[PDB]
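Heads up, the thing below is written out as structure tokens.
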Amino acid sequence: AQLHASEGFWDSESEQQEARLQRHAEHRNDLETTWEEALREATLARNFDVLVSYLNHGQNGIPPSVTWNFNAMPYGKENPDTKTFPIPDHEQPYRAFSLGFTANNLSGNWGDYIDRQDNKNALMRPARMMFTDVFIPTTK
Amino acid sequence: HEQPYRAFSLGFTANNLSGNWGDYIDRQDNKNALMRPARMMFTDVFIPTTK
Amino acid sequence: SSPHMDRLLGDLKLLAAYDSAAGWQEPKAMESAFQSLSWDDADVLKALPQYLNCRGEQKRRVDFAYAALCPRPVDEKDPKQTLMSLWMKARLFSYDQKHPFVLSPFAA
Amino acid sequence: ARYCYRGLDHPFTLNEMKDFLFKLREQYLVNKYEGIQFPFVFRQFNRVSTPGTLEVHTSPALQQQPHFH
Amino acid sequence: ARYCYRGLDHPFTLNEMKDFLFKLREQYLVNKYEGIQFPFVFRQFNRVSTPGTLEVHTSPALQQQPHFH
Amino acid sequence: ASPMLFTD
Amino acid sequence: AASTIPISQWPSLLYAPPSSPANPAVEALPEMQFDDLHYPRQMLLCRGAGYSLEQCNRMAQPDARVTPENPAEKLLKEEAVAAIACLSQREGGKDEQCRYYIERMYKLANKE
Amino acid sequence: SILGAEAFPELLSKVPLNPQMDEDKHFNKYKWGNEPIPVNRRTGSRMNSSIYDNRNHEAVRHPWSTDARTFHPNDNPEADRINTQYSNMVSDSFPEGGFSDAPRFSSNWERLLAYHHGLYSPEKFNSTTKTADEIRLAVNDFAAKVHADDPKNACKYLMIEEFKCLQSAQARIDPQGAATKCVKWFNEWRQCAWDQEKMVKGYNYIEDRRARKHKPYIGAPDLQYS
Amino acid sequence: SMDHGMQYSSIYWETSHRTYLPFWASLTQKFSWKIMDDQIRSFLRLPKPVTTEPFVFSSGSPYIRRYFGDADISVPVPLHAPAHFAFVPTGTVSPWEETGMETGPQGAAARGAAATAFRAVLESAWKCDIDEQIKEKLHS
Ligand SMILES: CCCCCCCCCCCCCCCCCC(=O)OC[C@H](COP(=O)([O-])OCC(O)COP(=O)([O-])OC[C@@H](COC(=O)CCCCCCCCCCCCCCCCC)OC(=O)CCCCCCCCCCCCCCCCC)OC(=O)CCCCCCCCCCCCCCCCC
Ligand SMILES: CCCCCCCCCCCCCCCCCC(=O)OC[C@H](COP(=O)([O-])OCC(O)COP(=O)([O-])OC[C@@H](COC(=O)CCCCCCCCCCCCCCCCC)OC(=O)CCCCCCCCCCCCCCCCC)OC(=O)CCCCCCCCCCCCCCCCC
Ligand SMILES: CCCCCCCCCCCCCCCCCC(=O)OC[C@H](COP(=O)([O-])OCC(O)COP(=O)([O-])OC[C@@H](COC(=O)CCCCCCCCCCCCCCCCC)OC(=O)CCCCCCCCCCCCCCCCC)OC(=O)CCCCCCCCCCCCCCCCC
Ligand SMILES: CCCCCCCCCCCCO[C@@H]1O[C@H](CO)[C@@H](O[C@H]2O[C@H](CO)[C@@H](O)[C@H](O)[C@H]2O)[C@H](O)[C@H]1O
Ligand SMILES: CCCCCCCCCCCCO[C@@H]1O[C@H](CO)[C@@H](O[C@H]2O[C@H](CO)[C@@H](O)[C@H](O)[C@H]2O)[C@H](O)[C@H]1O
Ligand SMILES: CCCCCCCCCCCCO[C@@H]1O[C@H](CO)[C@@H](O[C@H]2O[C@H](CO)[C@@H](O)[C@H](O)[C@H]2O)[C@H](O)[C@H]1O
């Protein structure tokens, strides 16, 4: 996971773009400062070879042409960006079942591990405390 | 003699000196760090958040 | 081959160093500066008594230049500061009486 | 109370002026956005209106700002 | 269970791969930042560490983005 | 001196 | 001991600076002046009067409203000249070779 | 013919112009050593400050490309700050050499358009911090001009103080931050203007009789106020 | 995404904090004597406030009161179209241009008398040195 972070995999497209812009700006400023210095020296010396020599005063590799990140990978139960061919039912997994006179797991849906949702509906969300045996509130 | 006074409440049951709620803009938690996770225990009624 | 310019720039650097050492509480450094402040210049030594007795336009030019360089008023009780000020003013007076100053932006 | 009954021509200092303008802004926001609550205005109420299918997601990590070294 | 005992050479689809990487990222963040909690990782615990003088302020209004008309 | 350098 | 000065106390720091081995004249800090408008204003006034650029440049004079001169340069003249001679002869007073004149001047100026 | 023989006494006699030079050239004439000014305080870019801003602690955006590495103020300074002069204090809130967000315009019309829209001023972008001496010179000139304008004015020193605070807070390069500090003296000047006007033009009001409970306690003294 | 927000902080009452409300508070209601006082003043011909007169004598410039449906709610509005004056010449300033870099009086003045004086001092010293060089060259 740390290796991915070095390559910017966990970063967002905004962060990648900002890093790219930062490199661009640093390079631009270095270039313009070097040009000012070279022009001043070549003007006080009245020689073009000084300008020429200032062309090698600063080349490891190059900046990456494209970048790939984790947020670019699609996710979703209904999202068709993940559906190529239908998966057979005898290979799809089952959801847990709980039913009794005291409790069940069918009056609501908690969602997936990433895309979660409130199990209680809108009318009873303000009274969630009333549907619990224990309740540990937030810290604020 | 021109600065205003802060409210005073003191009794065997409750007071307003064990904490500071702050101003209208710059507010702060009246309970200290050790008892903030147990704020429920310092209330007669508690209406939790919606999440 | 440029003694006047060299010693001018050196004296300016030494004034700056004295100020910095005073700010940072460094007697050793500030005394080093004071000692290195080019006291063995015959021209400035000879111009010193002339500046101490000058008057009028020349004095006003020299004082204008010295306020441009060092506008802060030194303490009237610190002889080291007083002496460095006198030395800088005498140097400027020598430069001026050799080749006068032209302080106005308008000129031709 | 300070101007008309105590004789102060300048009752509010800078802090009091800022407090007045803060409360004015809160009034504006409350009357502009229906149901606005704590994070934006000092106000809390329990009976709120929710969509019906409330999704819960993790917030994005804080933006990496460039820094020296 | 899918690869070694059912014979599937490609057990994970794109969704399962994303879930695996999400959990990997959460592990990294949890071990990197001490005490990180829900908004950034799916995790809640009560006994938290607070500074001692906790200030409460209203959040800034949402940034006005330029729009047509 | 000016009256605003006074603090006591 | 020397605690940080917040940004709100800088205006007072400018006209009442802390003590240093080389302090300025705090009583005279409000009197330090150097006008950047001297020559522009002079030229404007003369050209409005009706003079030419050459006449204006010939009539121009340096500003007299500058930081006042140190009265020591006129009161301690002889002692200062003697100290400067001692310095010129003894390499800037290394290893306390002008302490005599410097201490005489210090006493004259301070008086305990 | 060597260049600059008599021009480097700092080098000949090991005289350091500052603790940084002392530490570098190993002269070792500063008894207290040197605590280096880090790069984030030596240079950087303008940043947003208010907590009621969403892009707080983020660099200010300009029409031109800019390095987004910000100047960080000294938030946890050491107890001993031996040099408490303005020179060493200003580095905790501004960079002496100015910010690193200055543009090099490829053309003149870009400069024109930026200025026209309020996104560029050379006074603000191509400049350094003002030294204490310069600040004092400006303040004293302004004070002389104000005194010449009107000696028998009550808000004179208030105007001088707002000018002084702007100059000290470096309003040339941080106008918003400096106004945040000087608006109080502006407000005091406003009040003094009204007060002077009402004293000149006799403006008074009928005061009501004394309240029955003007004193909270009979034994308390009722200090008389004009 | 600001309207219709959720309850972000908890609502509670600390133990033994007072309420200062009796059991008939809901039947209680407010009252102001201002309406009755105005009726009585109008009926008895008591002194009226000057806000009843639209013209404003509280300044030298003409002001007229604008009323919002009642004499008690008014704002003064100025009538004059004020003429403004500028004792300034036109075309004498180009703020976008950096003037400290151009050579000339305007350039030196956008710079300062201190820089100009320093430049003049350098000029004088350089002239001294060059005069020495001229002497030693022409004496040969
Ligand atoms: C695709 C299509 C799909 C379609 C759908 C298909 C569906 C799938 C396929 C289905 C295929 C069909 C299969 C069949 C259906 C499956 C059903 C099934 O499996 O169930 C699952 C489902 C549970 O599954 P689950 O996933 O675990 O659900 C969550 C849990 O249940 C949650 O648990 P909880 O947190 O809610 O706690 C519940 C708690 C509940 O505990 C209690 O209710 C006990 C309360 C007792 C209070 C009084 C006790 C006094 C005794 C004192 C003893 C002396 C002192 C000792 C002190 C310590 C003891 C107190 O614990 C218990 O349940 C204990 C149960 C074990 C004890 C059973 C006792 C039986 C005694 C019977 C007595 C008979 C007397 C007859 C006399 C006739 C009259 C003359 O069943 C339930 O609904 C659970 C509740 C069952 C009700 C039991 C109530 C017993 C109460 C007896 C009281 C006796 C008092 C008599 C008084 C009258 C005389 C005066
Ligand atoms: C810069 C320097 C500054 C320095 C500082 C300077 C400070 C300022 C200047 C100071 C100058 C000095 C001034 C003097 C100091 C000021 C002190 C002051 O003003 O106080 C303020 C301060 C309160 O001010 P605050 O701002 O309002 O504070 C917040 C509120 O207090 C919060 O209220 P809460 O939410 O906590 O609720 C409290 C609740 C508390 O309510 C209760 O505690 C009552 C509980 C009763 C339960 C049992 C009742 C059974 C009766 C049944 C009746 C028949 C059935 C009817 C059914 C309906 C009725 C149940 O309500 C009451 O308090 C009711 C009080 C009114 C009734 C009083 C009854 C007195 C009876 C006395 C009996 C004597 C018997 C002698 C027999 C001797 C033995 C032979 O004082 C307090 O501390 C409040 C608590 C006072 C304690 C009262 C406890 C009475 C309990 C009587 C029980 C009798 C049972 C006997 C049994 C034994 C025989 C078997
Ligand atoms: C241990 C220490 C000993 C040393 C003592 C040291 C202390 C010495 C100094 C004295 C203490 C001073 C301390 C400073 C005090 C400052 C704090 C303070 O006072 O306020 C705090 C505290 C703070 O409250 P808060 O939230 O800030 O609200 C403030 C409001 O202003 C007030 O809130 P509120 O207005 O909401 O509360 C009033 C409440 C209670 O107000 C009243 O009830 C008025 C009082 C009337 C009393 C007489 C009626 C009695 C009837 C009894 C008959 C029952 C049936 C008989 C059954 C017998 C078998 C059991 O009203 C109600 O809850 C609803 C009742 C509405 C009806 C009332 C009018 C009708 C009456 C007739 C009944 C008719 C029913 C018809 C139904 C409709 C049919 C169509 O104030 C109160 O709690 C007020 C009520 C306190 C009651 C305490 C309960 C215990 C009372 C017994 C005390 C001890 C008795 C001793 C023996 C004598 C009795 C045998
Ligand atoms: C085997 C059948 C017989 C045994 C019955 C077992 C118990 C039955 C469960 C409770 C039935 C009512 O359930 C109630 O309606 C649906 C249940 O999905 C939920 O409603 C929620 O999910 C539905 C999805 O269909 C959404 O449209 C709705 O917006 C949302 O609020 C409510 O949160 C629940 O309170
Ligand atoms: C008139 C005096 C006699 C009557 C006494 C009245 C009751 C006394 C109040 C409780 C005393 C203990 O109070 C306890 O210490 C201080 C009170 O400011 C608070 O502590 C809090 O404020 C202090 C400020 O000084 C902070 O340094 C501290 O970090 C913070 O936690 C605690 O939240 C409180 O629990
Ligand atoms: C159906 C029957 C109706 C019966 C009507 C009876 C009417 C009685 C009206 C008396 C009103 C008196 O009202 C009260 O009197 C006193 C003096 O008298 C006034 O005066 C008092 O307060 C003011 C200042 O606060 C000052 O004049 C003075 O400090 C004090 O004497 C009060 O300002 C006024 O509030």
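In the structure tokens, chains take the letters A, B, ... in the order shown, each chain's residues start at 1, and ligands count up from 1 in the order shown.
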Just need chain E moved onto chain D: least-squares over all Cα atoms matched in order, then output as a short mmCIF file (atom, residue, chain, number, x, y, z; two decimals) with N, CA and C atoms, in the first residue's frame.
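Listing of result-v2.cif after writing:
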```cif
data_model
loop_
_atom_site.label_atom_id
_atom_site.label_comp_id
_atom_site.auth_asym_id
_atom_site.auth_seq_id
_atom_site.Cartn_x
_atom_site.Cartn_y
_atom_site.Cartn_z
N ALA E 1 -29.96 50.35 24.92
CA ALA E 1 -29.67 50.58 26.33
C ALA E 1 -28.42 51.43 26.51
N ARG E 2 -27.45 51.29 25.61
CA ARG E 2 -26.22 52.06 25.75
C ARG E 2 -26.29 53.45 25.12
N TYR E 3 -27.08 53.62 24.07
CA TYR E 3 -27.13 54.88 23.34
C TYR E 3 -28.18 55.83 23.90
N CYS E 4 -29.39 55.33 24.13
CA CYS E 4 -30.53 56.18 24.44
C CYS E 4 -30.76 56.39 25.92
N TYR E 5 -30.17 55.56 26.78
CA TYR E 5 -30.39 55.66 28.21
C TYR E 5 -29.12 55.78 29.04
N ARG E 6 -27.95 55.66 28.42
CA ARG E 6 -26.69 55.89 29.11
C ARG E 6 -25.86 57.01 28.51
N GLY E 7 -26.15 57.43 27.28
CA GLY E 7 -25.49 58.58 26.69
C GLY E 7 -24.27 58.27 25.87
N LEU E 8 -24.11 57.04 25.40
CA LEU E 8 -22.94 56.65 24.62
C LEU E 8 -23.25 56.80 23.14
N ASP E 9 -22.53 57.69 22.47
CA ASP E 9 -22.72 57.89 21.04
C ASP E 9 -22.14 56.76 20.21
N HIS E 10 -21.20 56.00 20.77
CA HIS E 10 -20.56 54.88 20.08
C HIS E 10 -20.65 53.65 20.97
N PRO E 11 -21.79 52.97 20.97
CA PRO E 11 -22.00 51.87 21.92
C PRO E 11 -21.26 50.60 21.56
N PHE E 12 -21.10 50.33 20.27
CA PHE E 12 -20.53 49.08 19.80
C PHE E 12 -19.06 49.27 19.44
N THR E 13 -18.22 48.37 19.94
CA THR E 13 -16.84 48.27 19.50
C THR E 13 -16.77 47.39 18.26
N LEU E 14 -15.55 47.06 17.85
CA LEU E 14 -15.36 46.24 16.66
C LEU E 14 -15.92 44.84 16.86
N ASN E 15 -15.71 44.26 18.04
CA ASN E 15 -16.23 42.93 18.33
C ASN E 15 -17.75 42.91 18.28
N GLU E 16 -18.39 43.92 18.87
CA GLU E 16 -19.85 43.96 18.88
C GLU E 16 -20.40 44.20 17.48
N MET E 17 -19.70 45.01 16.69
CA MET E 17 -20.10 45.21 15.30
C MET E 17 -20.01 43.91 14.51
N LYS E 18 -18.93 43.16 14.71
CA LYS E 18 -18.79 41.86 14.05
C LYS E 18 -19.89 40.90 14.49
N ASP E 19 -20.22 40.89 15.78
CA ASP E 19 -21.29 40.03 16.26
C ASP E 19 -22.63 40.39 15.62
N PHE E 20 -22.92 41.69 15.53
CA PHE E 20 -24.15 42.14 14.88
C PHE E 20 -24.20 41.67 13.43
N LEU E 21 -23.10 41.84 12.70
CA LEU E 21 -23.10 41.43 11.30
C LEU E 21 -23.17 39.92 11.15
N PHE E 22 -22.57 39.18 12.08
CA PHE E 22 -22.68 37.72 12.08
C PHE E 22 -24.13 37.29 12.24
N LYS E 23 -24.84 37.90 13.18
CA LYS E 23 -26.24 37.56 13.39
C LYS E 23 -27.10 37.96 12.19
N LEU E 24 -26.78 39.09 11.57
CA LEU E 24 -27.48 39.49 10.35
C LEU E 24 -27.29 38.47 9.24
N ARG E 25 -26.05 38.03 9.03
CA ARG E 25 -25.76 37.01 8.04
C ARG E 25 -26.51 35.71 8.34
N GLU E 26 -26.57 35.32 9.61
CA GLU E 26 -27.28 34.10 9.96
C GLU E 26 -28.77 34.23 9.68
N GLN E 27 -29.35 35.39 9.98
CA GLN E 27 -30.75 35.63 9.64
C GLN E 27 -30.97 35.48 8.14
N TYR E 28 -30.10 36.09 7.34
CA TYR E 28 -30.21 35.99 5.89
C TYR E 28 -30.15 34.54 5.43
N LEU E 29 -29.16 33.79 5.93
CA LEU E 29 -29.01 32.40 5.51
C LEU E 29 -30.20 31.56 5.93
N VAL E 30 -30.71 31.79 7.14
CA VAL E 30 -31.83 31.00 7.64
C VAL E 30 -33.07 31.25 6.78
N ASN E 31 -33.31 32.50 6.40
CA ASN E 31 -34.47 32.78 5.56
C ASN E 31 -34.24 32.42 4.10
N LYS E 32 -32.99 32.25 3.68
CA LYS E 32 -32.69 31.91 2.30
C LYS E 32 -32.74 30.40 2.06
N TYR E 33 -32.05 29.63 2.89
CA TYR E 33 -32.00 28.18 2.77
C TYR E 33 -32.92 27.57 3.81
N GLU E 34 -33.89 26.78 3.34
CA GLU E 34 -34.86 26.16 4.23
C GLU E 34 -34.25 24.93 4.89
N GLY E 35 -34.18 24.95 6.22
CA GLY E 35 -33.68 23.82 6.97
C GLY E 35 -32.20 23.84 7.27
N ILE E 36 -31.51 24.95 7.01
CA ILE E 36 -30.08 25.01 7.28
C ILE E 36 -29.83 24.84 8.77
N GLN E 37 -28.73 24.16 9.10
CA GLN E 37 -28.51 23.66 10.45
C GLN E 37 -27.05 23.93 10.83
N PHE E 38 -26.61 23.32 11.94
CA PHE E 38 -25.48 23.80 12.73
C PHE E 38 -24.28 24.20 11.88
N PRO E 39 -23.69 23.27 11.12
CA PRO E 39 -22.36 23.55 10.54
C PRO E 39 -22.25 24.92 9.89
N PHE E 40 -23.35 25.46 9.39
CA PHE E 40 -23.35 26.75 8.71
C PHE E 40 -23.97 27.87 9.52
N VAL E 41 -24.90 27.55 10.42
CA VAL E 41 -25.51 28.51 11.33
C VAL E 41 -25.66 27.82 12.68
N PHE E 42 -25.56 28.59 13.75
CA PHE E 42 -25.72 28.00 15.07
C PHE E 42 -27.18 27.69 15.32
N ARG E 43 -27.57 26.45 15.04
CA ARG E 43 -28.96 26.03 15.11
C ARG E 43 -29.02 24.52 15.00
N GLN E 44 -29.87 23.90 15.81
CA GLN E 44 -30.08 22.46 15.78
C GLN E 44 -31.56 22.17 15.99
N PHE E 45 -32.11 21.27 15.17
CA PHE E 45 -33.45 20.76 15.39
C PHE E 45 -33.51 19.32 14.91
N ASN E 46 -34.38 18.54 15.56
CA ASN E 46 -34.40 17.09 15.38
C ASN E 46 -35.23 16.67 14.17
N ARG E 47 -36.42 17.25 14.00
CA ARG E 47 -37.33 16.83 12.94
C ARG E 47 -36.85 17.41 11.62
N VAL E 48 -36.02 16.64 10.93
CA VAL E 48 -35.41 17.05 9.68
C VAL E 48 -36.01 16.25 8.53
N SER E 49 -35.79 16.74 7.32
CA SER E 49 -36.28 16.12 6.10
C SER E 49 -35.12 15.44 5.39
N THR E 50 -35.24 14.14 5.18
CA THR E 50 -34.22 13.34 4.52
C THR E 50 -34.77 12.76 3.21
N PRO E 51 -33.89 12.41 2.27
CA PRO E 51 -34.36 11.98 0.95
C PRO E 51 -35.19 10.71 0.97
N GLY E 52 -34.75 9.69 1.71
CA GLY E 52 -35.43 8.42 1.74
C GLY E 52 -34.49 7.26 1.52
N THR E 53 -33.51 7.46 0.64
CA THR E 53 -32.41 6.53 0.44
C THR E 53 -31.13 7.30 0.71
N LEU E 54 -30.70 7.29 1.97
CA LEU E 54 -29.56 8.07 2.42
C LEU E 54 -28.29 7.24 2.29
N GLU E 55 -27.41 7.65 1.38
CA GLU E 55 -26.14 6.98 1.18
C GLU E 55 -25.10 7.50 2.15
N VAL E 56 -24.22 6.60 2.60
CA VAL E 56 -23.15 6.92 3.53
C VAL E 56 -21.83 6.56 2.86
N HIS E 57 -20.95 7.54 2.72
CA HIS E 57 -19.64 7.34 2.13
C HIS E 57 -18.58 7.97 3.01
N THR E 58 -17.36 7.46 2.88
CA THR E 58 -16.22 8.08 3.53
C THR E 58 -15.84 9.36 2.81
N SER E 59 -15.50 10.38 3.58
CA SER E 59 -15.04 11.63 3.01
C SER E 59 -13.69 11.44 2.34
N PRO E 60 -13.37 12.25 1.34
CA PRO E 60 -12.05 12.17 0.73
C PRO E 60 -10.96 12.66 1.67
N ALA E 61 -9.78 12.07 1.52
CA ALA E 61 -8.64 12.49 2.31
C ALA E 61 -8.35 13.96 2.07
N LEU E 62 -7.78 14.61 3.09
CA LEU E 62 -7.47 16.03 2.98
C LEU E 62 -6.48 16.27 1.85
N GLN E 63 -6.69 17.36 1.12
CA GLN E 63 -5.89 17.64 -0.06
C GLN E 63 -4.42 17.79 0.30
N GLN E 64 -3.57 17.04 -0.39
CA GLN E 64 -2.13 17.18 -0.25
C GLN E 64 -1.71 18.55 -0.77
N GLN E 65 -1.24 19.41 0.12
CA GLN E 65 -0.73 20.69 -0.33
C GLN E 65 0.78 20.60 -0.55
N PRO E 66 1.33 21.25 -1.57
CA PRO E 66 2.78 21.24 -1.74
C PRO E 66 3.48 21.94 -0.59
N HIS E 67 4.65 21.41 -0.23
CA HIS E 67 5.43 21.96 0.87
C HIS E 67 6.90 21.75 0.57
N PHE E 68 7.74 22.58 1.19
CA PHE E 68 9.17 22.43 1.06
C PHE E 68 9.64 21.16 1.76
N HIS E 69 10.73 20.59 1.25
CA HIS E 69 11.27 19.34 1.79
C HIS E 69 10.21 18.24 1.73
#
```
Identify every residue of chain B that has at least one atom within 12 Å of any atom of chain D, counting only C-alpha atoms, and report the result as a compact mmCIF listing (two decimals) with N, CA and C atoms, in the first residue's frame.
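Contents of iface-v6.txt, freshly written:
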```txt
# COMPACT_ATOMS: atom_id res chain seq x y z
N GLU B 2 -17.85 49.81 32.82
CA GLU B 2 -18.57 49.74 31.56
C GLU B 2 -18.51 48.36 30.92
N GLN B 3 -17.62 47.49 31.37
CA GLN B 3 -17.63 46.13 30.85
C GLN B 3 -18.77 45.33 31.48
N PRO B 4 -19.36 44.40 30.73
CA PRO B 4 -20.51 43.66 31.24
C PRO B 4 -20.13 42.41 32.03
N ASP B 23 -18.37 32.59 23.49
CA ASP B 23 -19.16 33.69 22.96
C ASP B 23 -20.16 33.15 21.94
N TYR B 24 -20.86 34.04 21.25
CA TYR B 24 -21.82 33.61 20.25
C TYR B 24 -21.14 33.11 18.99
N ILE B 25 -19.94 33.61 18.70
CA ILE B 25 -19.20 33.23 17.51
C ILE B 25 -18.17 32.18 17.87
N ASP B 26 -17.31 32.50 18.83
CA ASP B 26 -16.23 31.61 19.25
C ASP B 26 -16.72 30.78 20.43
N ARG B 27 -17.29 29.63 20.12
CA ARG B 27 -17.84 28.72 21.12
C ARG B 27 -16.84 27.62 21.44
N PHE B 46 -31.46 13.83 26.40
CA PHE B 46 -30.45 13.79 25.35
C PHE B 46 -31.11 13.39 24.05
N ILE B 47 -31.01 14.26 23.05
CA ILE B 47 -31.56 14.02 21.72
C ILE B 47 -30.38 13.84 20.76
N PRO B 48 -30.11 12.63 20.27
CA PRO B 48 -28.89 12.40 19.50
C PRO B 48 -28.98 12.96 18.09
N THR B 49 -27.84 12.87 17.40
CA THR B 49 -27.73 13.32 16.03
C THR B 49 -28.52 12.41 15.09
N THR B 50 -28.71 12.90 13.87
CA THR B 50 -29.27 12.13 12.78
C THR B 50 -28.13 11.77 11.83
N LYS B 51 -27.94 10.48 11.60
CA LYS B 51 -26.88 10.03 10.70
C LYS B 51 -27.27 8.76 9.95
```
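Near residue 5 in chain C, within 8 Å and counting only C-alpha atoms, sit residues 2, 8 and 9 of chain C; 7 of chain H; 122, 125 and 126 of chain I, not including residues fewer than 3 positions from it in the same chain.
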Within 10 Å of ligand 1, counting only C-alpha atoms and all ligand atoms, residues as a PyMOL selection string: chain A and resi 97-105+133
Can I get the selection written as a CSV table (one decimal), in the first residue's frame, with N, CA, C and O atoms?
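Result file follows (selection-v6.csv):
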```
chain,number,residue,atom,x,y,z
A,97,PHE,N,-29.7,-13.9,6.2
A,97,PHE,CA,-31.1,-14.0,6.5
A,97,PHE,C,-31.3,-14.0,8.0
A,97,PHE,O,-30.7,-14.8,8.7
A,98,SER,N,-32.2,-13.1,8.5
A,98,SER,CA,-32.6,-13.1,9.9
A,98,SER,C,-34.0,-12.7,10.0
A,98,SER,O,-34.5,-11.7,9.5
A,99,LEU,N,-34.8,-13.6,10.6
A,99,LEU,CA,-36.2,-13.4,10.8
A,99,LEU,C,-36.7,-14.0,12.1
A,99,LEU,O,-36.4,-15.2,12.3
A,100,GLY,N,-37.5,-13.3,12.8
A,100,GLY,CA,-38.0,-13.8,14.1
A,100,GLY,C,-39.1,-12.8,14.5
A,100,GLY,O,-39.4,-11.8,13.9
A,101,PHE,N,-39.8,-13.2,15.6
A,101,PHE,CA,-40.8,-12.3,16.2
A,101,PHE,C,-40.2,-11.1,16.9
A,101,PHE,O,-40.9,-10.1,17.1
A,102,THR,N,-38.9,-11.1,17.2
A,102,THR,CA,-38.2,-10.1,17.9
A,102,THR,C,-37.4,-9.2,17.0
A,102,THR,O,-37.3,-7.9,17.2
A,103,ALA,N,-36.7,-9.7,15.9
A,103,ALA,CA,-35.9,-8.9,15.1
A,103,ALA,C,-35.8,-9.6,13.7
A,103,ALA,O,-36.1,-10.8,13.5
A,104,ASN,N,-35.4,-8.8,12.7
A,104,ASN,CA,-35.2,-9.3,11.3
A,104,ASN,C,-34.2,-8.4,10.7
A,104,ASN,O,-33.7,-7.4,11.2
A,105,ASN,N,-33.8,-8.7,9.4
A,105,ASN,CA,-32.9,-8.0,8.6
A,105,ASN,C,-33.5,-7.7,7.3
A,105,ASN,O,-32.7,-7.5,6.3
A,133,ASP,N,-31.1,-1.1,22.0
A,133,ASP,CA,-30.9,-1.5,23.4
A,133,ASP,C,-29.8,-0.7,24.0
A,133,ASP,O,-29.9,-0.5,25.2
```
Enumerate as a ChimeraX atom specification the residues belonging to chain H that approach chain I to within 7 Å, with only C-alpha atoms taken into account. /H:111-112,115,121-122
Give the residue list for ligand 5 at 6 Å, counting only C-alpha atoms and all ligand atoms, as a PyMOL selection string, sorted by chain and then by residue number. (chain B and resi 17-19+31-32) or (chain E and resi 52)
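Using only C-alpha atoms and all ligand atoms as the basis for the distance check, residues found within 6 Å of ligand 4 are residues 106, 107, 108, 120 and 121 of chain A; 52 and 53 of chain D.
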Write out, as a PDB file, in the first residue's frame, the residues just selected, with N, CA and C atoms.
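The result, stored in again-v4.pdb:
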```
ATOM      1  N   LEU A 106     -34.786  -7.636   7.165  1.00  0.00           N
ATOM      2  CA  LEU A 106     -35.471  -7.424   5.903  1.00  0.00           C
ATOM      3  C   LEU A 106     -36.176  -6.082   5.819  1.00  0.00           C
ATOM      4  N   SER A 107     -36.411  -5.424   6.950  1.00  0.00           N
ATOM      5  CA  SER A 107     -37.015  -4.102   6.963  1.00  0.00           C
ATOM      6  C   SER A 107     -36.053  -3.010   6.528  1.00  0.00           C
ATOM      7  N   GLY A 108     -34.815  -3.349   6.188  1.00  0.00           N
ATOM      8  CA  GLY A 108     -33.848  -2.337   5.821  1.00  0.00           C
ATOM      9  C   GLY A 108     -32.710  -2.925   5.018  1.00  0.00           C
ATOM     10  N   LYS A 120     -32.646   2.618   8.514  1.00  0.00           N
ATOM     11  CA  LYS A 120     -33.935   3.175   8.884  1.00  0.00           C
ATOM     12  C   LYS A 120     -34.385   4.192   7.844  1.00  0.00           C
ATOM     13  N   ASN A 121     -35.698   4.283   7.655  1.00  0.00           N
ATOM     14  CA  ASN A 121     -36.246   5.211   6.682  1.00  0.00           C
ATOM     15  C   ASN A 121     -36.360   6.613   7.281  1.00  0.00           C
TER      16      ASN A 121
ATOM     17  N   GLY D  52     -34.746   9.693   1.706  1.00  0.00           N
ATOM     18  CA  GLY D  52     -35.435   8.418   1.742  1.00  0.00           C
ATOM     19  C   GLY D  52     -34.491   7.259   1.518  1.00  0.00           C
ATOM     20  N   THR D  53     -33.511   7.460   0.643  1.00  0.00           N
ATOM     21  CA  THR D  53     -32.408   6.528   0.436  1.00  0.00           C
ATOM     22  C   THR D  53     -31.126   7.303   0.713  1.00  0.00           C
TER      23      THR D  53
END
```
